[PDB]
>>> print(open('entry_25.pdb').read())   # PDB, C-alpha atoms (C1' of nucleotides) and all ligand atoms
ATOM      1  CA  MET A   1       0.000   0.000   0.000
ATOM      2  CA  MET A   2       2.997   2.281   0.508
ATOM      3  CA  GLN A   3       4.121   4.362  -2.451
ATOM      4  CA  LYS A   4       7.260   6.366  -3.208
ATOM      5  CA  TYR A   5       6.835  10.111  -3.819
ATOM      6  CA  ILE A   6       9.270  12.943  -4.581
ATOM      7  CA  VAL A   7       8.157  16.391  -3.402
ATOM      8  CA  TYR A   8       9.516  19.854  -4.257
ATOM      9  CA  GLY A   9       8.697  22.947  -2.226
ATOM     10  CA  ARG A  10       9.800  26.494  -1.533
ATOM     11  CA  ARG A  11       8.989  29.601   0.453
ATOM     12  CA  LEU A  12       6.763  32.118  -1.277
ATOM     13  CA  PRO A  13       8.968  34.699  -3.040
ATOM     14  CA  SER A  14       9.217  38.220  -1.657
ATOM     15  CA  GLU A  15      11.044  41.513  -2.205
ATOM     16  CA  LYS A  16      13.975  40.727   0.101
ATOM     17  CA  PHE A  17      14.447  37.258  -1.430
ATOM     18  CA  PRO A  18      13.356  36.899  -5.053
ATOM     19  CA  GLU A  19      13.929  33.338  -6.266
ATOM     20  CA  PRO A  20      13.947  31.428  -2.946
ATOM     21  CA  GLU A  21      15.682  28.070  -2.641
ATOM     22  CA  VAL A  22      14.031  24.811  -3.723
ATOM     23  CA  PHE A  23      13.955  21.783  -1.411
ATOM     24  CA  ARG A  24      13.206  18.201  -2.446
ATOM     25  CA  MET A  25      12.396  15.063  -0.447
ATOM     26  CA  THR A  26      11.597  11.400  -0.905
ATOM     27  CA  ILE A  27       8.420  10.392   0.967
ATOM     28  CA  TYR A  28       6.603   7.080   1.526
ATOM     29  CA  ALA A  29       2.865   7.410   2.013
ATOM     30  CA  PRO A  30      -0.392   5.656   1.126
ATOM     31  CA  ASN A  31      -1.482   8.460  -1.254
ATOM     32  CA  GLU A  32      -0.718  11.964  -2.526
ATOM     33  CA  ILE A  33      -2.680  13.834   0.143
ATOM     34  CA  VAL A  34      -0.814  12.200   3.050
ATOM     35  CA  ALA A  35       2.540  12.656   1.312
ATOM     36  CA  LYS A  36       2.219  16.436   0.848
ATOM     37  CA  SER A  37       1.195  16.823   4.487
ATOM     38  CA  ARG A  38       4.308  14.945   5.620
ATOM     39  CA  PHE A  39       6.464  17.206   3.433
ATOM     40  CA  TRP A  40       5.156  20.247   5.300
ATOM     41  CA  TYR A  41       5.774  18.542   8.634
ATOM     42  CA  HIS A  42       9.532  18.426   7.945
ATOM     43  CA  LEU A  43       9.966  21.698   6.040
ATOM     44  CA  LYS A  44       8.395  23.440   9.066
ATOM     45  CA  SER A  45      10.916  21.961  11.512
ATOM     46  CA  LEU A  46      14.091  21.777   9.412
ATOM     47  CA  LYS A  47      13.644  25.040   7.515
ATOM     48  CA  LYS A  48      10.959  26.947   9.462
ATOM     49  CA  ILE A  49       8.602  27.318   6.497
ATOM     50  CA  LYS A  50       5.002  26.767   7.577
ATOM     51  CA  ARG A  51       2.556  25.639   4.911
ATOM     52  CA  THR A  52       0.866  29.054   4.916
ATOM     53  CA  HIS A  53       4.122  30.653   3.763
ATOM     54  CA  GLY A  54       5.179  28.359   0.905
ATOM     55  CA  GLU A  55       4.013  26.325  -2.060
ATOM     56  CA  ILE A  56       4.455  22.799  -3.387
ATOM     57  CA  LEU A  57       5.901  22.494  -6.870
ATOM     58  CA  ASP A  58       5.475  18.760  -7.570
ATOM     59  CA  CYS A  59       4.330  15.452  -6.128
ATOM     60  CA  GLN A  60       6.170  12.984  -8.336
ATOM     61  CA  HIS A  61       5.073   9.364  -8.055
ATOM     62  CA  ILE A  62       7.737   6.761  -8.811
ATOM     63  CA  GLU A  63       6.970   3.136  -9.724
ATOM     64  CA  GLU A  64       9.777   0.652  -9.150
ATOM     65  CA  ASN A  65      10.573  -2.587 -10.932
ATOM     66  CA  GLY A  66      10.500  -5.710  -8.806
ATOM     67  CA  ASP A  67      11.474  -9.154 -10.066
ATOM     68  CA  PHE A  68      14.558  -9.533  -7.846
ATOM     69  CA  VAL A  69      15.023  -9.668  -4.070
ATOM     70  CA  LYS A  70      17.349  -7.133  -2.441
ATOM     71  CA  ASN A  71      18.266  -6.001   1.079
ATOM     72  CA  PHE A  72      17.287  -2.648   2.572
ATOM     73  CA  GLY A  73      18.524  -0.794   5.617
ATOM     74  CA  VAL A  74      16.236   1.705   7.312
ATOM     75  CA  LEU A  75      17.466   4.318   9.762
ATOM     76  CA  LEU A  76      14.562   5.823  11.681
ATOM     77  CA  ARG A  77      13.451   7.424  14.929
ATOM     78  CA  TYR A  78      10.264   6.822  16.895
ATOM     79  CA  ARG A  79       8.525   7.853  20.108
ATOM     80  CA  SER A  80       7.542   5.646  23.055
ATOM     81  CA  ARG A  81       5.820   6.531  26.314
ATOM     82  CA  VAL A  82       9.157   7.479  27.946
ATOM     83  CA  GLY A  83      10.914   9.423  25.194
ATOM     84  CA  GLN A  84      12.484   9.120  21.755
ATOM     85  CA  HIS A  85      14.847   6.525  20.302
ATOM     86  CA  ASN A  86      16.943   5.722  17.231
ATOM     87  CA  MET A  87      16.862   2.344  15.480
ATOM     88  CA  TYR A  88      18.313   0.557  12.458
ATOM     89  CA  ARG A  89      16.366  -2.268  10.817
ATOM     90  CA  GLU A  90      17.038  -4.576   7.885
ATOM     91  CA  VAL A  91      14.567  -6.403   5.648
ATOM     92  CA  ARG A  92      14.508  -8.346   2.391
ATOM     93  CA  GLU A  93      11.950  -7.230  -0.189
ATOM     94  CA  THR A  94      11.556  -6.537  -3.885
ATOM     95  CA  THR A  95      10.944  -2.755  -3.958
ATOM     96  CA  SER A  96      11.632   0.050  -1.488
ATOM     97  CA  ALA A  97       7.957   0.742  -0.861
ATOM     98  CA  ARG A  98       7.386  -2.927  -0.032
ATOM     99  CA  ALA A  99      10.333  -2.789   2.348
ATOM    100  CA  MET A 100       8.600   0.113   4.112
ATOM    101  CA  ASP A 101       5.378  -1.885   4.431
ATOM    102  CA  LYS A 102       7.342  -4.577   6.240
ATOM    103  CA  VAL A 103       8.987  -2.057   8.559
ATOM    104  CA  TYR A 104       5.734  -0.349   9.558
ATOM    105  CA  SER A 105       4.113  -3.669  10.481
ATOM    106  CA  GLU A 106       7.073  -4.724  12.652
ATOM    107  CA  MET A 107       7.068  -1.378  14.467
ATOM    108  CA  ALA A 108       3.314  -1.624  15.017
ATOM    109  CA  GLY A 109       3.624  -5.156  16.345
ATOM    110  CA  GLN A 110       6.788  -5.181  18.462
ATOM    111  CA  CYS A 111       6.966  -1.519  19.543
ATOM    112  CA  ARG A 112       3.268  -0.551  19.200
ATOM    113  CA  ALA A 113       4.295   2.590  17.255
ATOM    114  CA  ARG A 114       1.965   4.076  14.628
ATOM    115  CA  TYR A 115       2.746   5.881  11.365
ATOM    116  CA  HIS A 116       2.688   9.437  12.718
ATOM    117  CA  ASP A 117       5.023   8.475  15.589
ATOM    118  CA  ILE A 118       7.869   7.608  13.213
ATOM    119  CA  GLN A 119      10.317   9.705  11.192
ATOM    120  CA  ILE A 120      12.372   7.961   8.500
ATOM    121  CA  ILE A 121      15.939   9.214   8.367
ATOM    122  CA  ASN A 122      17.378   7.016   5.607
ATOM    123  CA  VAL A 123      16.569   4.097   3.249
ATOM    124  CA  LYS A 124      19.343   2.420   1.246
ATOM    125  CA  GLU A 125      20.179  -0.882  -0.446
ATOM    126  CA  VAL A 126      22.680  -3.118   1.361
ATOM    127  CA  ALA A 127      24.949  -5.529  -0.519
ATOM    128  CA  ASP A 128      25.018  -9.154   0.631
ATOM    129  CA  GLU A 129      28.419  -8.997   2.348
ATOM    130  CA  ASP A 130      27.583  -5.820   4.290
ATOM    131  CA  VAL A 131      24.517  -7.130   6.165
ATOM    132  CA  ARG A 132      24.583  -6.876   9.965
ATOM    133  CA  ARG A 133      21.369  -8.583  11.208
ATOM    134  CA  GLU A 134      21.180 -12.347  11.694
ATOM    135  CA  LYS A 135      17.631 -12.845  10.429
ATOM    136  CA  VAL A 136      18.285 -11.199   7.057
ATOM    137  CA  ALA A 137      21.775 -12.689   6.680
ATOM    138  CA  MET A 138      20.539 -16.304   6.831
ATOM    139  CA  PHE A 139      18.851 -15.873   3.454
ATOM    140  CA  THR A 140      21.713 -13.944   1.786
ATOM    141  CA  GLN A 141      23.370 -17.261   0.929
ATOM    142  CA  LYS A 142      23.590 -19.971  -1.700
ATOM    143  CA  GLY A 143      21.477 -23.090  -1.278
ATOM    144  CA  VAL A 144      19.281 -22.226   1.707
ATOM    145  CA  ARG A 145      16.756 -25.000   2.398
ATOM    146  CA  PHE A 146      14.214 -25.497   5.131
ATOM    147  CA  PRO A 147      11.100 -27.625   5.497
ATOM    148  CA  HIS A 148       7.731 -25.938   5.362
ATOM    149  CA  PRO A 149       7.358 -23.784   8.503
ATOM    150  CA  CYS A 150       3.586 -24.335   8.876
ATOM    151  CA  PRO A 151       1.951 -27.063   6.719
ATOM    152  CA  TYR A 152      -0.975 -27.491   9.124
ATOM    153  CA  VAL A 153      -2.306 -24.176   7.759
ATOM    154  CA  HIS A 154      -3.172 -25.846   4.455
ATOM    155  CA  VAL A 155      -5.182 -28.649   6.067
ATOM    156  CA  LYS A 156      -7.277 -26.445   8.371
ATOM    157  CA  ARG A 157      -8.301 -24.131   5.541
ATOM    158  CA  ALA A 158      -9.780 -26.988   3.518
ATOM    159  CA  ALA A 159     -11.702 -27.999   6.659
ATOM    160  CA  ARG A 160     -13.747 -24.793   6.611
ATOM    161  CA  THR A 161     -16.126 -25.952   3.875
ATOM    162  CA  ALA A 162     -15.466 -29.690   4.310
ATOM    163  CA  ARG A 163     -16.824 -29.472   7.833
ATOM    164  CA  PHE A 164     -17.332 -33.237   8.298
ATOM    165  CA  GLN A 165     -15.002 -35.942   6.978
ATOM    166  CA  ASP A 166     -14.553 -39.682   7.425
ATOM    167  CA  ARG A 167     -10.908 -39.774   8.569
ATOM    168  CA  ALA A 168      -8.643 -37.267  10.245
ATOM    169  CA  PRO A 169      -6.388 -35.921   7.459
ATOM    170  CA  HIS A 170      -2.606 -36.087   7.501
ATOM    171  CA  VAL A 171      -0.116 -33.237   7.151
ATOM    172  CA  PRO A 172       2.345 -34.096   4.331
ATOM    173  CA  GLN A 173       5.912 -33.058   5.099
TER     174      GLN A 173
ATOM    175  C1'   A B   1      26.376  79.963  10.910
ATOM    176  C1'   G B   2      23.305  82.546  14.545
ATOM    177  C1'   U B   3      19.010  84.329  17.934
ATOM    178  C1'   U B   4      13.531  84.590  19.463
ATOM    179  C1'   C B   5       8.911  81.461  19.143
ATOM    180  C1'   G B   6       7.326  76.345  18.298
ATOM    181  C1'   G B   7       6.069  70.532  16.560
ATOM    182  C1'   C B   8       7.277  65.476  17.703
ATOM    183  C1'   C B   9       9.339  64.499  23.073
ATOM    184  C1'   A B  10      16.688  60.461  24.592
ATOM    185  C1'   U B  11      19.170  58.209  17.232
ATOM    186  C1'   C B  12      18.049  64.492  21.385
ATOM    187  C1'   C B  13      19.948  61.801  27.791
ATOM    188  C1'   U B  14      24.284  61.259  31.436
ATOM    189  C1'   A B  15      29.825  61.194  32.452
ATOM    190  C1'   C B  16      34.875  62.594  30.960
ATOM    191  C1'   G B  17      38.209  64.550  27.652
ATOM    192  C1'   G B  18      38.883  68.188  23.523
ATOM    193  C1'   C B  19      38.342  72.189  19.469
ATOM    194  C1'   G B  20      35.723  77.176  18.365
ATOM    195  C1'   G B  21      33.568  82.377  18.130
ATOM    196  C1'   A B  22      33.445  88.333  12.474
ATOM    197  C1'   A B  23      28.032  88.572  13.920
ATOM    198  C1'   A B  24      24.782  86.556  17.459
ATOM    199  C1'   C B  25      23.682  84.526  22.380
ATOM    200  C1'   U B  26      26.341  84.363  26.977
ATOM    201  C1'   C B  27      29.582  85.383  30.927
ATOM    202  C1'   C B  28      30.523  90.261  32.589
ATOM    203  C1'   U B  29      30.266  96.086  35.146
ATOM    204  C1'   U B  30      27.279  99.090  38.386
ATOM    205  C1'   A B  31      23.607 100.555  43.202
ATOM    206  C1'   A B  32      21.258 107.399  41.535
ATOM    207  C1'   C B  33      16.065 105.932  40.503
ATOM    208  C1'   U B  34      12.255 101.053  40.246
ATOM    209  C1'   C B  35      11.450  96.788  42.779
ATOM    210  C1'   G B  36      13.423  93.164  45.836
ATOM    211  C1'   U B  37      15.989  89.139  49.360
ATOM    212  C1'   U B  38      12.945  83.791  56.658
ATOM    213  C1'   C B  39      19.716  87.584  56.306
ATOM    214  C1'   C B  40      22.347  88.345  51.680
ATOM    215  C1'   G B  41      21.765  92.879  44.331
ATOM    216  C1'   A B  42      23.321  84.900  45.409
ATOM    217  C1'   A B  43      18.486  85.377  43.106
ATOM    218  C1'   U B  44      15.608  89.113  41.274
ATOM    219  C1'   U B  45      14.496  94.567  39.568
ATOM    220  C1'   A B  46      16.868  98.881  37.471
ATOM    221  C1'   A B  47      21.425 101.213  34.828
ATOM    222  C1'   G B  48      25.228 100.159  31.637
ATOM    223  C1'   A B  49      29.997  98.581  27.721
ATOM    224  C1'   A B  50      36.246  98.093  30.443
ATOM    225  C1'   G B  51      37.144  92.742  29.683
ATOM    226  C1'   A B  52      36.721  87.305  27.901
ATOM    227  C1'   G B  53      36.553  82.585  24.700
ATOM    228  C1'   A B  54      37.468  80.034  31.281
ATOM    229  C1'   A B  55      32.416  78.130  31.469
ATOM    230  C1'   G B  56      27.102  77.634  29.542
ATOM    231  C1'   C B  57      26.146  76.942  24.047
ATOM    232  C1'   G B  58      27.613  74.961  19.063
ATOM    233  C1'   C B  59      31.209  70.977  17.139
ATOM    234  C1'   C B  60      34.646  66.538  17.531
ATOM    235  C1'   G B  61      36.154  62.058  20.358
ATOM    236  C1'   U B  62      35.362  57.099  23.708
ATOM    237  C1'   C B  63      36.625  48.283  22.309
ATOM    238  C1'   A B  64      32.006  54.661  27.237
ATOM    239  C1'   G B  65      26.657  53.478  30.378
ATOM    240  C1'   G B  66      21.646  54.476  28.332
ATOM    241  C1'   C B  67      18.515  54.837  24.239
ATOM    242  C1'   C B  68      16.991  53.277  18.901
ATOM    243  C1'   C B  69      16.918  49.557  14.347
ATOM    244  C1'   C B  70      18.111  44.737  12.284
ATOM    245  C1'   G B  71      19.501  39.546  12.624
ATOM    246  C1'   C B  72      19.561  35.495  15.629
ATOM    247  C1'   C B  73      17.262  33.030  19.710
ATOM    248  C1'   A B  74      13.139  29.634  17.220
ATOM    249  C1'   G B  75       8.671  27.211  13.934
ATOM    250  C1'   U B  76      11.583  26.416  20.198
ATOM    251  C1'   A B  77       8.174  28.293  24.993
ATOM    252  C1'   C B  78       3.076  28.780  25.035
ATOM    253  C1'   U B  79      -1.796  28.416  22.665
ATOM    254  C1'   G B  80      -7.410  28.238  19.279
ATOM    255  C1'   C B  81     -10.157  24.119  16.961
ATOM    256  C1'   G B  82     -10.621  18.344  16.465
ATOM    257  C1'   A B  83      -9.495  13.162  18.266
ATOM    258  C1'   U B  84     -13.287   5.609  20.971
ATOM    259  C1'   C B  85      -4.595   8.598  20.774
ATOM    260  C1'   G B  86      -1.069   6.741  25.234
ATOM    261  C1'   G B  87      -0.910   6.605  30.703
ATOM    262  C1'   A B  88      -3.150   4.070  37.466
ATOM    263  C1'   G B  89      -2.485   8.959  37.449
ATOM    264  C1'   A B  90       0.557  13.435  37.219
ATOM    265  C1'   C B  91       1.217  14.552  32.459
ATOM    266  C1'   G B  92       2.428  13.844  27.366
ATOM    267  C1'   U B  93       1.280  12.647  21.938
ATOM    268  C1'   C B  94      -0.851  13.340  16.806
ATOM    269  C1'   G B  95      -4.037  16.304  12.900
ATOM    270  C1'   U B  96      -5.320  21.415  11.462
ATOM    271  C1'   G B  97      -4.351  27.118  12.490
ATOM    272  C1'   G B  98      -1.615  31.259  15.285
ATOM    273  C1'   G B  99       3.263  32.081  17.338
ATOM    274  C1'   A B 100       6.821  34.765  21.927
ATOM    275  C1'   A B 101      10.503  36.619  25.524
ATOM    276  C1'   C B 102      15.436  36.682  27.858
ATOM    277  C1'   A B 103      20.070  36.066  26.174
ATOM    278  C1'   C B 104      23.557  36.732  21.883
ATOM    279  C1'   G B 105      26.008  39.149  17.770
ATOM    280  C1'   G B 106      26.289  43.500  14.388
ATOM    281  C1'   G B 107      24.895  48.817  13.129
ATOM    282  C1'   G B 108      23.263  53.782  14.356
ATOM    283  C1'   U B 109      23.628  58.364  17.930
ATOM    284  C1'   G B 110      17.675  64.507  16.174
ATOM    285  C1'   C B 111      14.909  66.005  12.374
ATOM    286  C1'   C B 112      10.795  69.128  10.571
ATOM    287  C1'   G B 113       8.555  75.113  10.557
ATOM    288  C1'   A B 114       7.526  80.748  10.940
ATOM    289  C1'   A B 115      10.135  85.465  11.603
ATOM    290  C1'   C B 116      14.763  88.327  11.822
ATOM    291  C1'   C B 117      20.754  89.205  11.249
TER     292        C B 117
HETATM  293  K     K C 201      32.867  78.540  26.020
END
>>> encode(input="entry_25.pdb", output="structure tokens")
Amino acid sequence: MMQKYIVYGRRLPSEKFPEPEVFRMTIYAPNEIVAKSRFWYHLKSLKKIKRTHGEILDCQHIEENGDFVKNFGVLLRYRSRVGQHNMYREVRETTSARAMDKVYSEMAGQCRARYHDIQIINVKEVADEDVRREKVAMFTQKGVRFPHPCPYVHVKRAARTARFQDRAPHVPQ
RNA sequence: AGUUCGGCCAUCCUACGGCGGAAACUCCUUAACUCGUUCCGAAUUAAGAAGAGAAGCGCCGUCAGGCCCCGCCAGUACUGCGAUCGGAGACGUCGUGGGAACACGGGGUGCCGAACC
């Protein structure tokens, strides 16, 4: 559901400063209306330009090619009930937006932090040798094999319409 | 440049060093008359022209105190509207608007209007 957007903005031009500077950002958001709001949240803190005093020049939407599985490293900050913290996370996904979906669900589940509690500092691709987290690194290898981690899930699902049967089914492994 | 009468009432004030005076303003000289000092010609009232740039006044100066403008401080402190956001609470968070002060660093240091020499 996440999407990559590039936003340009600038302070409204005046007599003291004709041709103000242009600032660009990369944003991940579910749509164009949330993305432009998040651009004004940062430009107000980092550059002290409220939304009343500036204008947005573009909301570029960028669609990425998948088809191969890469590593990503996300540097972010979030807020808990006792303060603010920094954190680095690693994930394997096919596009950057999909890697941000995975991050937001792990923050929501293990830290209970929602979307507006989180500021993304950095998102970059990480080559296989340079990985630093054990979970990701296991799969950055040649020849990884494991048996199915939950084959019971197949059997139960079929038993939701086939409510009564004549023998208890097996779980092939 | 100067004197009398004013407007706005320190970018004009206060302190200490300087520099100036043809004219002008001042300081200054006098106790007959006028009038005056809880005592005193100090002040003030009258009458004058020997002397002055020592003061006041105008100008210049000072890592000067004050005062005045700008930037920073800072989209920080605080706050209007909305929330079946978090927390035992005290309190905090997010969305959408408004937005300081102290401190700090650089600059500056009266102008306008009538009449006369
Ligand atoms: K003098």
>>> residues_near_ligand(input="entry_25.pdb", ligand="ligand K 201 (chain C)", cutoff="9 Å", atoms="all atoms listed in the file", output="NGL selection string")
:B and (20-21 or 26 or 53-57)
>>> write_last_selection(input="entry_25.pdb", atoms="C-alpha atoms (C1' of nucleotides)", output="PDB file, in the frame of the given file")
ATOM      1  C1'   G B  20      35.723  77.176  18.365  1.00  0.00           C
ATOM      2  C1'   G B  21      33.568  82.377  18.130  1.00  0.00           C
ATOM      3  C1'   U B  26      26.341  84.363  26.977  1.00  0.00           C
ATOM      4  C1'   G B  53      36.553  82.585  24.700  1.00  0.00           C
ATOM      5  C1'   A B  54      37.468  80.034  31.281  1.00  0.00           C
ATOM      6  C1'   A B  55      32.416  78.130  31.469  1.00  0.00           C
ATOM      7  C1'   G B  56      27.102  77.634  29.542  1.00  0.00           C
ATOM      8  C1'   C B  57      26.146  76.942  24.047  1.00  0.00           C
TER       9        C B  57
END
>>> interface_residues(input="entry_25.pdb", of="chain B", to="chain A", cutoff="9 Å", atoms="all atoms listed in the file", output="VMD selection string")
chain B and resid 74 to 75 86 to 87 92 to 94
>>> resolve_selection(input="entry_25.pdb", expression="the PyMOL selection byres (((chain B and resi 67-69) around 12) and not hetatm)", output="PDB file with C-alpha atoms (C1' of nucleotides), in the coordinates of the input")
ATOM      1  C1'   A B  10      16.688  60.461  24.592  1.00  0.00           C
ATOM      2  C1'   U B  11      19.170  58.209  17.232  1.00  0.00           C
ATOM      3  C1'   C B  12      18.049  64.492  21.385  1.00  0.00           C
ATOM      4  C1'   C B  13      19.948  61.801  27.791  1.00  0.00           C
ATOM      5  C1'   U B  14      24.284  61.259  31.436  1.00  0.00           C
ATOM      6  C1'   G B  65      26.657  53.478  30.378  1.00  0.00           C
ATOM      7  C1'   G B  66      21.646  54.476  28.332  1.00  0.00           C
ATOM      8  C1'   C B  70      18.111  44.737  12.284  1.00  0.00           C
ATOM      9  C1'   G B  71      19.501  39.546  12.624  1.00  0.00           C
ATOM     10  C1'   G B 106      26.289  43.500  14.388  1.00  0.00           C
ATOM     11  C1'   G B 107      24.895  48.817  13.129  1.00  0.00           C
ATOM     12  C1'   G B 108      23.263  53.782  14.356  1.00  0.00           C
ATOM     13  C1'   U B 109      23.628  58.364  17.930  1.00  0.00           C
ATOM     14  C1'   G B 110      17.675  64.507  16.174  1.00  0.00           C
TER      15        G B 110
END
>>> resolve_selection(input="entry_25.pdb", expression="the PyMOL selection byres (((chain A and resi 17-34) around 10) and not hetatm)", output="ChimeraX atom specification")
/A:1-16,35-39,42-43,47,56-62,96-97,100-101,115,120,122-123
>>> atom_distance(input="entry_25.pdb", atom1="atom CA of residue A:40", atom2="atom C1' of residue B:98")
16.3 Å
>>> resolve_selection(input="entry_25.pdb", expression="the PyMOL selection byres (((chain A and resi 74-77) around 7) and not hetatm)", output="PyMOL selection string")
chain A and resi 72-73+78+85-90+118-124
>>> atom_distance(input="entry_25.pdb", atom1="atom CA of residue A:63", atom2="atom CA of residue A:139")
26.0 Å
>>> atom_distance(input="entry_25.pdb", atom1="atom CA of residue A:93", atom2="atom CA of residue A:66")
8.9 Å
>>> residues_around(input="entry_25.pdb", residues="residue B:3", least_positions_apart="5", cutoff="12 Å", atoms="all atoms listed in the file", output="ChimeraX atom specification")
/B:23-26,57,115-117
>>> closest_residue(input="entry_25.pdb", among="B:80, B:113, B:48, B:61", to="residue B:17", atoms="only C-alpha atoms (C1' of nucleotides)")
B:61
>>> residues_around(input="entry_25.pdb", residues="residue A:71", least_positions_apart="5", cutoff="10 Å", atoms="only C-alpha atoms (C1' of nucleotides)", output="list in words")
residues 90, 91, 92, 93, 94, 95, 96, 99, 124, 125, 126, 127, 128, 130, 131, 136, 137 and 140 of chain A
